[PDB]
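Note sheet for the following structure.
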Amino acid sequence: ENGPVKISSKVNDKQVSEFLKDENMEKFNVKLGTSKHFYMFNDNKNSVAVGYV
Amino acid sequence: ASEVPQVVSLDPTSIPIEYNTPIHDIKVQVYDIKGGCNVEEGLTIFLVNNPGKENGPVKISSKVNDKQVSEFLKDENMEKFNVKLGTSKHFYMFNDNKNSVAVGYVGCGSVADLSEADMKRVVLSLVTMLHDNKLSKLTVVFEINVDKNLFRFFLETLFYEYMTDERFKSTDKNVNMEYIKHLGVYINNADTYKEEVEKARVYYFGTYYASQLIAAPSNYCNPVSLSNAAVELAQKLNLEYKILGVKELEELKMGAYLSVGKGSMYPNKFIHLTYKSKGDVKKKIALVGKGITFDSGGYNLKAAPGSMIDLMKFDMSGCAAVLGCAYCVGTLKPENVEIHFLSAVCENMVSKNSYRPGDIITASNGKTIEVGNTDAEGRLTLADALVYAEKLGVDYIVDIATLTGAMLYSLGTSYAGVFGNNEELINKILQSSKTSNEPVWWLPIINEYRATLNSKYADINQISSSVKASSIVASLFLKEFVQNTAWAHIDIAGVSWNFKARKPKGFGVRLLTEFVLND
Amino acid sequence: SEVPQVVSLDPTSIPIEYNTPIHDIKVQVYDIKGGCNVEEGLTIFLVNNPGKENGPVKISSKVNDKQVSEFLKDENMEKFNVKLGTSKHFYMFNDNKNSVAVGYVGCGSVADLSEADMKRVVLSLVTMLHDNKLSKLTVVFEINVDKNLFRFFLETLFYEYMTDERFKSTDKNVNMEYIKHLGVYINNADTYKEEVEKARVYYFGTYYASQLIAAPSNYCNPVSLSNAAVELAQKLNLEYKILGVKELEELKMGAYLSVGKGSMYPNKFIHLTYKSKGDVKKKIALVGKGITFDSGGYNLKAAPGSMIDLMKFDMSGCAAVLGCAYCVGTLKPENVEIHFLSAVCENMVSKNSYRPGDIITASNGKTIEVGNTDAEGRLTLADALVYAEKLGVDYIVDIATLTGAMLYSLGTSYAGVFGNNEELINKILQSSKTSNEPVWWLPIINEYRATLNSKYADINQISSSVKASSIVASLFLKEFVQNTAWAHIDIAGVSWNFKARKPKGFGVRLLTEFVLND
Amino acid sequence: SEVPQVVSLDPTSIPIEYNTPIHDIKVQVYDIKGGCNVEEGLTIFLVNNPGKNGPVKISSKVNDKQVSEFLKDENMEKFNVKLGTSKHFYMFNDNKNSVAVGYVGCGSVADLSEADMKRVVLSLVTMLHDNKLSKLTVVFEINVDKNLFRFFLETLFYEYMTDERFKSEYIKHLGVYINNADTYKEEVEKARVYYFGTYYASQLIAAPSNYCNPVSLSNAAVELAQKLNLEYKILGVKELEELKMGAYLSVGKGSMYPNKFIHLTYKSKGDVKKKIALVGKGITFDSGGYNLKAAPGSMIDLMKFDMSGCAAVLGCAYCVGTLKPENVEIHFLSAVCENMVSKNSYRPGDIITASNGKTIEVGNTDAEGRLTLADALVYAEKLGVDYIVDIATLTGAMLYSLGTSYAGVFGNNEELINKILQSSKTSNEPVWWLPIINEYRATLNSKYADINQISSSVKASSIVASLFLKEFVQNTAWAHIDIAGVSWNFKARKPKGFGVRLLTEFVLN
Ligand SMILES: [Zn+2]
Ligand SMILES: [Zn+2]
Ligand SMILES: [Zn+2]
Ligand SMILES: [Zn+2]
Ligand SMILES: [Zn+2]
Ligand SMILES: [Zn+2]
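Top to bottom, those sequences are chains P, Z, U and X. First residue of the first sequence? That's 138 in the UniProt record's numbering, and the numbers climb one at a time after it. First residue of the second sequence? That's 85 in the UniProt record's numbering, and the numbers climb one at a time after it. First residue of the third sequence? That's 86 in the UniProt record's numbering, and the numbers climb one at a time after it. Counting with the UniProt record's numbering, you get residues 86 to 137, 139 to 254, 262 to 602 for the letters of the fourth sequence.
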């Protein structure tokens, strides 16, 4: 309950993949409704945004 | 320890009080924004405004010491975000050292001089980014203009809102609470704002302390346990303290204060903390705080819809403010002042022993009072607490009380009202309001209503029978108990409790302390 | 054990009537296939006209008396219809030149008589029985009723006939005499004999519970009510245990103790056990709200319509459970172990009362923020539920006059049941049908759980915004049952018969049927 | 301007008495340093006792030996100076004519407040209402400055005047003795103008909602302007429709009397340094609309005074139009209508469009003032003014903040507020400054319209209304006086005409 966040799927972006490392998502829990999302740049220097709920 | 009575062996016998809060362990560093912002670990947040156009675009002005972070914060790349007061965005990137960092911003609108209300909202957005994120450091960059007093307000408000009070949680503790250990601040002319860091920390706990007292429910926080609480506080701060019990109170003929308590299972207790500076004493001050640990209303029970009897554990917010003040004063140690902290604590209850409506009682100054409504018990206790205050021979008497619910219909939940018999004292209070950033507003003592207190049998009516402006009439009533001393009276009934966040504000601690350190 | 008093005149015990006139009624069931003898007393026919709504009367049974048969000829009955609840009296002489009284009660045009229909007929009968000093009553069933419906006929007859005169002094009815014999003519009569005494037990279990409810709070207080349970347990030879304040503190029942802080009567926890001989296959805890008077506490019941003058009935759940204990104790079912529990107390206004806003600790360590002192029943029940689950039981069923909101959801006739286990809820419903005490399944809407999230304590006692009180309370109660099937019956609406100005003893039959047929 | 009727007995006009018995009283003020003369009528001395409720001691020099021997210290010791108490005796004077002499206690304070003055006067009027005299002479044995002396005159005239228009002996000469009497002669005539200005407002307010409706009230304003040579323009429904005043019109849809807007304007011959617009709430009866005043204490029977800010403005127009101050242009504005219950009424939840384009979600039809004033404020700012000052019986909350004596002033401009406050000091009409706390603005953020008409949470309704009204002044100094609590005199059961002298003093200053 209120456990940490762990993303399972594999993404097609080395930058986003780095961001989704398990060691990064621990900082966030899965409490129903809780959310965060970060703006970053993909492997092709274009603006993206990854997050979770 | 002075023993608290119990009905069952499970009744609490003490107020739980945390003195070593996680905010006391955060190391604060202040940097001058000139000479560059470095982007270390944790989260880095810019406070940005755009004068002129509302919802205008955000542009990062300060100099960052990282090519990658600079390229990421290029003005062309930031135009996609506006500065609407409260908005916030999180960024993620790698720095010059191929290390991941997190930065972001919080919008501060388009107005130049932010008010305390605006600062409150900016801080609330910061706290939101602190919660549900295991951060070791937060850094805030001031791309906005704030004077020294408003900058302190930012720190204190940050500290207060960041703190989470879990004293009464047992099986539902947030097993995810992790406070930061370090807090960086980048601001122009940083050397001048540095002096405010330690005062803000002191001001935070002083207010958080009163908050703990107020939120403590009436079975934990009762007249005995709360006076015990003050004793401990005086003891930690080497303050002088005397706690007057029923026996002396009878000797002192405090019939108004005692009547209100006749119906409680906890005997009345009168708190008197004293701070005397070591230098030549130039001003003597008595601060008086209403100390009703629970206000059922008495035989005038709080049964009318919207009476919020379930909130009445807060009818001792004035006493908490005053004790919170005592912490600040005891900690900061002003140099040429003598301060008395007073509170006539009791509990307004229904019993065979309670005083009744219609009862005529005699105040310690020999004036008899006809009780018209037992739910107006605060002005009765304060009347005796004021007589006691003038007997000490001070320069200023200032009382603070959750006195009248009318306050919600006059000034509301944001501004408290100040009444008094002395323009200069009322100006000092108004001055302390500006510097503390705790809003007060002067209201009149309209003498024309005095006649409606003319009891047919006693010396004076406790309540007006016709005038509906309760907050003024009570001021008229109190004024009859201060004969020759500058006295102001601050009604915090409307502003003490934060209905939206479901917690107390600690309102008044900083107002009162600033007043104490006034020219 | 000793009841405190303020003046020497305050009563120190609840007056309980154990041997009732009903118990001295010899009951005989005869088969209708052989004709009814009409020798003495009053003889009432239960008559239906399937189809024709308000149709005529026509007797179907053979009467073994030429005179009476003449009176019951269809031409003579033409003037009477079968309207449900209608009744008529007849007077004639029989072949033995003996005066006799005869009559009928209308059973409508529907063949399946509802529970509420049977009551209308029984009330009409009792009317003929009251203000009449005749020694025998005979009822001839010319309608079809199953075994459970017939028993319901007797239970309801016995209960409505009995008059509770425990508190009459100068105004006792002088010449009200109860019949001494009851005859019943019915098809397959042999099959219904089994139900006669079972009806008699159920009646008194219900009448017992009604006695405890009807008794006002000065007579029926926490000490005197717990004394009555022990005396009942001794007459039934049940294991019993009464926990006092000292043992309650040691069990850390903060929530239940807080409710009683303001009363002059110490809290008392009733624990009776019935254990079958041999192998035990079902262990059950029944829990009943036992507030001998609910004033509301500092949240006083002074709002218009808050019916403070009725709150002597806030121990109805406790009464239903003890009533169930009588039935189970008498009928001695096999292969079960039943615990009857009830955390008894009185919710009063004093310098010692708990206050709105207080934070108390339940016996499971959970802190609770009191938002309204008149929500006391779920505080007592939380500790009762933690106590019940510690017994290692298969089912926890609590019954309570908990929320007035039931007056707005189901009304006065149907109780509401909430639960965490479908199977258990199913059995409670089945038991509702064979006991003929109506219950309707209502949901525990989990979406409302968040409004109980207190800012400082582990839970709020009351939701601040949600008005569906009956559902919220069930959400609260469920936090105190961790891993057992638990159901909760809210009888706040169905407990008191406002029309008759007396209790119903609701729940006794339902709870006993639940225990017997498992 | 034809007043519709239900039956032929319905009144078609407001009875307005312009020539009062007050206006026929000749007054001259004499200096106390020349001796008191007791030739005729009743003579009253206003005396106080500093320090000690103490005994009355007469200080002035009376010119009649017979009256002198009666006011001896030994004779006056039996009477005290408790504020209001009084005594009067009948006697034969020096020349053997029946004179009457007495006193009125002025308490023990040297600085007599307005509230204290009112008490002294009522003691006087009580004496006049129980005696047939032709002359009253008041000896001032107390210190009052010029403004307080006038106020004494005004409130004396007002309290002395009794309104008998609806029912199916006065004096003719008044004498005043005061030190430095020349310094006070200036104020005598000002007092008359200030008296009638307020008694005129009092007449309109006391007029019940069947005599005083939007048609009969606007008519009365026109008749006033014509008797005072003021520029007047009355906008009817068709004009209001073309001007898109949806909020003002919304409030009126349920009335049998069409909305009528009053413009009465005044321009002086000199250099114009300040143009001021005066706005006043003119709801001729406030049923509450579908939010009916059915709650106990609603005081629906009193709601004929919900046009007290209008009456104040029109009373100010009389005063201005009479005195003709120099160097000012003043517009007198009032969106008058009636808030009633009908199939044609607006409903709670209705969304309406103000004349400046802003849509408004109506939350409570009994807060109609906000709406009529919103369009009236848009109007006012379009006249290009320096100051917009509106005055309304706006929020019942006032009874719990300042009470029945002091009114509330809110505004967006400190310089304008201070002028209001100063005007309260010289008119002696008490007024207190309250804040427009911006932190509550967010409660007015409607979910569907541009703005909510009311907060559903904030109980500081007077500040919330202020927050709402301010959104209809875009760039003009604007103050807002809430007289909901001070406008009616409950003990006396009559109106006060509060705000006329205050607003007149504003324009002069
Ligand atoms: Zn109170
Ligand atoms: Zn209080
Ligand atoms: Zn209750
Ligand atoms: Zn209850
Ligand atoms: Zn209105
Ligand atoms: Zn209105």
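Backbone N, C-alpha and C fix where the C-beta goes; we use that ideal spot for every residue, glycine too.
Under a 10 Å Cβ-count criterion, X:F252 is classified as exposed, with fewer than 16 other Cβ atoms of the shown protein chains found around its own Cβ. Between ligand 1 and Z:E461, a heavy atom-to-CB distance of less than 8 Å is present. Checking the 8 Å criterion, the Cβ of Z:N432 is within range of a heavy atom belonging to ligand 1. In the displayed model, U:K158 falls within coil according to three-state DSSP, outside both helix and strand. Counted as a single uninterrupted DSSP element, the stretch harbouring U:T358 is not any alpha helix (DSSP H) but the beta strand (DSSP E) occupying residues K353 to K360.
Proximity of the beta carbon of X:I445 to ligand 5 is not indicated: no heavy atom of the ligand is located closer than 8 Å. In this structure, the beta-carbon distance from Z:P301 to Z:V330 does not fall below 9 Å. Annotated three-state conformation of U:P307 is helix, per DSSP. Residue range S401 to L416 is occupied by the alpha helix (DSSP H) that includes X:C403. Contact check for Z:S494 against Z:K417 fails: the beta carbons are separated by 9 Å or more. Among the residues facing chain P, Z:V190 is not included, as its CB has no counterpart in that chain under 9 Å away. For the C-beta of Z:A201, the chain X residues within less than 8 Å are, from N- to C-terminus, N531 and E532. Nearest Cα to U:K143 within the set U:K151, U:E125 and U:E163: U:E163.
Taking C-beta separations shorter than 6 Å and ignoring five residues to either side along the sequence, the partners of X:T415 in its chain run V286, following chain order. Between X:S98 and chain Z, the shortest Cβ-Cβ separation is not below 9 Å.
Residue pairing by DSSP leaves U:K331 without any beta bridge partner. Under the DSSP assignment, X:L131 falls in the beta strand (DSSP E) whose first and last residues are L127 to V132. The three-state reading of DSSP puts Z:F226 in strand, counting E and B together. Chain P places a beta carbon closer than 9 Å to that of Z:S184, counting this residue as a contact. Between X:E431 and X:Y293, the alpha-carbon positions lie close to 21 Å from each other. Per DSSP, the unbroken alpha helix (DSSP H) holding X:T241 starts and ends at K232 to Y246. For U:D379, the three-state secondary structure derived from DSSP is strand. Contact annotation for P:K143 against chain Z: no contact, minimum CB-CB distance about 14 Å [criterion: below 9 Å].
Contact of Z:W525 with chain X is assigned, a C-beta pair being separated by under 9 Å.
Taking a Cβ-Cβ cut-off of 7 Å, the neighbours of U:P441 in chain Z comprise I393 and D394, given in sequence order.
The nearest non-hydrogen atom of ligand 4 is less than 8 Å from the C-beta of U:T486. Placement of the Cβ of X:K346 at a distance of 8 Å or more from every heavy atom of ligand 6 is found. The CB of P:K164 comes closer than 8 Å to the CB of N217, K218 and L219 in chain Z, given here in chain order.
Non-local C-beta neighbours of U:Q152 in its own chain, meaning closer than 8 Å and more than five positions away in sequence, comprise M177, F178, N179 and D180, ordered along the chain.
Rounded to the nearest angstrom, the gap between the Cα atoms of U:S448 and Z:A387 is 31 Å. By the neighbour-count definition (other C-beta atoms within 10 Å, threshold 16), X:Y103 is an exposed residue.
Judged by DSSP in its simplified three-state form, U:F165 adopts coil rather than helix or strand. The C-beta distance from Z:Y533 to Z:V502 rounds to 18 Å, too long to meet the 8 Å contact threshold. Distances taken from the Cβ of X:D399 to the heavy atoms of ligand 6 include one shorter than 8 Å. Around the Cβ of X:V207, a 10 Å sphere holds 16 or more other Cβ atoms; the residue is buried. By the Cβ test, the stretch 478-492 of chain Z is in contact with the stretch 573-588 of chain Z, since at least three Cβ pairs between them sit closer than 8 Å.
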